[PDB]
Amino acid sequence: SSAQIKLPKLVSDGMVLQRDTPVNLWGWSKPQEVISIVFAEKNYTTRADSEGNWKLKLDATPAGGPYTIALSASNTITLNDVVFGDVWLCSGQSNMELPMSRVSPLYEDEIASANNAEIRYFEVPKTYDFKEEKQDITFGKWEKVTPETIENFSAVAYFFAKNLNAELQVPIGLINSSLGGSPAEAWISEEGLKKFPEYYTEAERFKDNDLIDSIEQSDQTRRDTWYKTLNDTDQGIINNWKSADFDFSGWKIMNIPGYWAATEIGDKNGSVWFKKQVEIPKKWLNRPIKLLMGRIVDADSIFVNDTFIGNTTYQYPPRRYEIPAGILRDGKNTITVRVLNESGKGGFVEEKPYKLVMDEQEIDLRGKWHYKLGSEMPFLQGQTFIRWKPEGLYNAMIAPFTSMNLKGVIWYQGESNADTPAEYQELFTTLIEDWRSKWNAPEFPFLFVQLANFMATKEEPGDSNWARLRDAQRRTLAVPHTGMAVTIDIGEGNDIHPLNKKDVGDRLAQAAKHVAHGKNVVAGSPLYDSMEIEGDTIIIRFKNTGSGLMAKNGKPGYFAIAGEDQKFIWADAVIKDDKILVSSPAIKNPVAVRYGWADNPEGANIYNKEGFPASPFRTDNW
Ligand SMILES: [Ca+2]
Ligand SMILES: [Ca+2]
Ligand SMILES: [Ca+2]
Ligand SMILES: [Ca+2]
């Protein structure tokens, strides 16, 4: 702006500023306006440039507060409740976004009690811009941890801050700038994208609003028409199958969990209805009951008797619905589920809870359900996600903050690049260098999360695009002032959004203690350093062994070894100190070792004694 003093949304009441450094305050005014600032009983002045931009440095201030900052020129603004602490930018895709509410079943006591005015959070609006690097955002405010705010905070960011605040005893500010499903190249500026012509040219393409409008309108009409035709052809809607009294005794049966592709319906999309009678004891009546219905591909509405109780519109959230008192009746009760499936295999994910819960008591809902096809629809092609295109997230969600002094970044991203791992080390290195060039800071620690275990286990040695993504992450640790949290032990085979985010936060906090704070503590997880061939044995040396390596719950697992024919076989591995000796009787001249090299390497059990799991790795470049 240029009519009067205006501050960025980030520079606002309740904010955290970075401690112990000359610290930037910035905003807009009239051109050449002289701005008077009073902070900690000292006067500052600065003059705006000819475009009405102004900036200065307040004196280095130690942790604590509160402080006011009074700003005056043609108008006046007071910032209240400002504190000094460590300010962290928190970014990535879905696993950085995932809120405390989504992981609540692991952390109910934490959520109920959360109250810490020194942990403060700033949610950045999730949007893009292809035409320019933005200087502000549309809205946002700093919030403190309270029982009323905690549920919507990023779980990883919250546990990271909880750890650091507990140890360092200073305020922690968290700026959450994340976007589900986003690939790394969405988060890189035009300058960084010059190294990636394919992505540079794509960003340029999307400067055309008419292109955007035509894509979005086409996608919207396809989706709307699909849902409308579905509803108009669904025999369950036409014939009121949601009714508790509908006689479904003639329907066929399938087990839940499971997918209807295994029934005579086969691999059809559209809608399928499910019914079950449940026996409810008298002592469960007139009380609130919880219904867990696992995870469903893609969407569901659930009815209990004649009452709609809830719906979920996409495949990723767990189904956790409440059944208020008064809906269940003595004995004879029906649950009805209408499942909508746009694409892929519709149904109920395995290894998830399907039950009613009251107190510590449960009624298991796994087993036989009656089912019938509602409407067979052709698969619905997914939208073009314009918000995943190169550059747009840098421009609208990172560029606004490049004047903010930070302690560092935490980053959890890569699932959306796991299909193209060969470029990822270079792409992610480019991102880190790109941001550092915008902040221009004496140091800028960049801490990131290696992808978790996911998908099915595998009995024999094999290659894996997820393992290749994880390895690209591990190799990025060559970049200065970086650290990594390993998560191969705390993911879930059947869920890309695992609930254990406290261990993620704690592992990032360990990295921060070492990298950002220069503490004399183990840096995190054991990392492959070097190999030596000696006869039938390869000796692996590790960094970050702390007080020693160990194998949990058995001998060293998930090591494989290969000779020059590149055929890996499960190897024996023995720990000697900070080294692991890997060998197979079946291979006389080994040239390569792999550890935990799978989508889901259950059995990879190497830790340091400080509790941090070794990174998976490979010695080869095949
Ligand atoms: Ca104020
Ligand atoms: Ca340009
Ligand atoms: Ca991709
Ligand atoms: Ca390093």
Side-chain angles (χ1 to χ4, degrees), residues 5-15 17 25 27 37-39 65-72 75-83 92-94 120 140-143 179-188 196 198-199 202 382-390 393 408 413-425 427-429 431-433 436 443-448 450-451 454 465-466 468-469 471-486 496 510-512 514-516 518 522-530 541-545 615 617:
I5 297 176
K6 188 202 199 350
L7 292 173
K9 296 296 186 294
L10 188 68
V11 179
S12 52
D13 286 348
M15 72 183 305
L17 286 165
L25 208 71
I37 293 171
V38 180
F39 163 57
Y67 293 94
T68 62
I69 302 174
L71 303 90
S72 69
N75 64 324
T76 183
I77 299 172
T78 300
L79 301 174
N80 301 271
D81 194 19
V82 176
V83 298
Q93 66 182 115
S94 332
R120 303 180 174 198
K141 62 173 305 296
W142 287 95
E143 299 205 288
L179 198 139
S182 65
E185 61 276 13
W187 293 98
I188 304 178
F196 288 88
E198 174 195 359
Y199 299 143
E202 198 72 351
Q383 67 168 96
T384 292
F385 289 89
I386 289 168
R387 64 191 182 254
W388 297 345
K389 291 298 178 178
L393 305 181
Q413 188 282 327
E415 294 96 342
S416 288
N417 289 92
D419 49 335
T420 53
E423 67 169 11
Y424 191 77
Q425 177 187 347
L427 182 64
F428 180 39
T429 295
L431 182 157
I432 297 175
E433 291 180 340
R436 286 176 171 172
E443 69 267 283
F444 194 88
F446 198 109
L447 310 179
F448 56 87
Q450 194 178 56
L451 303 191
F454 180 51
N465 277 338
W466 275 57
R468 285 168 176 274
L469 206 293
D471 204 61
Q473 293 174 314
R474 173 190 69 76
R475 290 168 56 77
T476 302
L477 291 171
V479 171
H481 301 292
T482 58
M484 183 175 75
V486 175
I496 200 169
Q510 190 73 24
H514 181 107
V515 177
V522 71
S525 284
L527 302 169
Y528 171 51
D529 185 44
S530 58
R541 302 195 214 260
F542 290 91
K543 303 175 59 180
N544 305 339
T545 62
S615 178
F617 64 91

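Every number for a ligand or one of its atoms is a count from 1 in the order of the listing. What you see below is based on every heavy atom in this structure, not just the backbone, and it leaves out hydrogens, waters and symmetry mates. Counting from 1, the numbers follow the sequence of the chain as shown.
The distance from the Ca ion (ligand 4) to the nearest N/O/S atom of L477 is under 3.0 Å. In summary, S12 places no N/O/S atom under 3.0 Å from the Ca ion (ligand 1), failing the contact criterion.
Two residues are said to be in side-chain contact when any heavy atoms from C-beta on lie closer than 4.5 Å; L79 and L71 meet this criterion. Under the 4.5 Å side-chain criterion, counting only non-hydrogen atoms from C-beta, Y528 is in contact with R474.
Ring geometry for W388 versus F385: interplanar angle under 30°, hence parallel rather than tilted (30 to 60°).
Remark: the backbone N or O of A472 is paired with a side-chain donor or acceptor of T476 at under 3.5 angstrom. In this structure, the side chain of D529 does not engage the main chain of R541 through any donor-acceptor pair within 3.5 Å. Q93 places a side-chain N or O within 3.5 Å of a backbone atom of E415 that can act as its donor or acceptor partner.
Within the protein, the N, O or S atoms lying under 3.0 Å from the Ca ion (ligand 3) are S416 O, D419 OD1, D419 OD2.
Draw a line from the Ca ion (ligand 1) to OD1 of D13 and another to O of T78, and the angle between them is 90° (to 10°).
Side chains of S615 and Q450: a donor on one and an acceptor on the other come within 3.5 Å.
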